[PDB]
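Positions are given from 1, in the same order as the sequence printed here. Computation of the quantities below employed the complete heavy-atom set of this structure, encompassing side-chain atoms and omitting hydrogens, waters and symmetry-equivalent molecules. Ligands are counted one by one from 1 in listed order, and the atoms in each one are counted from 1 as well.
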Amino acid sequence: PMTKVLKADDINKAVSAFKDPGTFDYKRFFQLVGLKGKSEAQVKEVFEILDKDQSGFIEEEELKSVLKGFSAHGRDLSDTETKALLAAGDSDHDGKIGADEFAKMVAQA
Ligand SMILES: [Ca+2]
Ligand SMILES: [Ca+2]
């Protein structure tokens with residue numbers, strides 16, 4: 001699970017910090033969860049967990065389930081939160097997040 005690269009206590013704190021619907025901010029979430037400061041190889045492990053269907057990209061519906069990839073009991077994002085998250089990282093405008101795009105989201109957070 002995500003604990004292969006992140007700490008169980010950081011996951012719990014970061015997910016709880018965004019329990020309120022509509023409040024997700026990936027930048028603060030990446031800080032709280034301890035993903036900021038991870039090497040490219042460890043970021044790739046996070047990406048692969050979020051890419052549930054092995055497509056090589058995090059599609060929009062996989063982004064909506066981002067919190068569940070960190071913690072199984074996390075809530076889904078709203079469509080508004082998902083669209084904002086996608087817009088923050090989808091630099092080629094294809095509607096999904098690739099590996100390099102995701103690494104850049106971690107770097108810019
Ligand atoms: Ca996918
Ligand atoms: Ca893209």
| message | side chain to side chain contact (heavy atoms under 4.5 Å, CB included) for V5 and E45? Distances and angles first, verdict last. | response | CA-CA 7 Å; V5 285; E45 294 307 312; 4.0 Å; yes

| What angle, to the nearest 10°, do the atoms OE2 (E62) and O (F57) form about the Ca ion (ligand 1)? |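 Seen from the Ca ion (ligand 1), OE2 and O are separated by roughly 130°.
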
| said: Is there a side-chain contact between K38 and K44 in this structure, where contact means two heavy atoms from C-beta onward sitting under 4.5 Å apart? | reply: no

| task | For the residue pair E59 and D53, establish whether any side-chain heavy-atom pair is separated by less than 4.5 Å. | result | yes

| task | Answer yes or no for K96 and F57: cation-pi contact, defined as NZ/CZ to six-membered ring centre under 6.0 Å and angle to ring axis within 45°. | result | yes

| Verdict with reasoning, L50 to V66, per side chain to side chain contact (heavy atoms under 4.5 Å, CB included) | CA-CA 7 Å; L50 300 177; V66 63; 4.1 Å; yes

| task | Mind reading off the angle at the Ca ion (ligand 2) between the OD1 atom of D90 and the OD1 atom of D94, rounded to 10°? | result |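 Here the angle at the metal atom is close to 80°, to 10°.
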
| query | What's the OE2-the Ca ion (ligand 2)-O angle here (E101, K96), rounded to 10 degrees? | reply | 130°

| message | Between the Ca ion (ligand 2) and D92, which N, O or S atom of the residue is the nearest one? | response |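 So the atom name we want here is OD1.
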
| request: Taking both backbone and side-chain atoms into account, decide whether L50 has an N/O/S atom under 3.0 Å from the Ca ion (ligand 1). | output: no

| request: Please confirm if an N, O or S atom belonging to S55, backbone or side chain, lies less than 3.0 Å from the Ca ion (ligand 1). | output: yes

Shortest-distance N/O/S atom, [X] versus the Ca ion (ligand 1):
| X | result |
| --- | --- |
| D51 | OD1 |
| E59 | OE1 |
| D53 | OD1 |

| task | Please state whether the rings of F24 and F18 are parallel, tilted or perpendicular, taking 30° and 60° as the class boundaries. | result | perpendicular

| query | So, are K27 and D25 salt-bridged, with charged N and O less than 4.0 Å apart? | reply |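 Salt bridge between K27 and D25, a charged N being under 4.0 Å from a carboxylate O: yes.
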
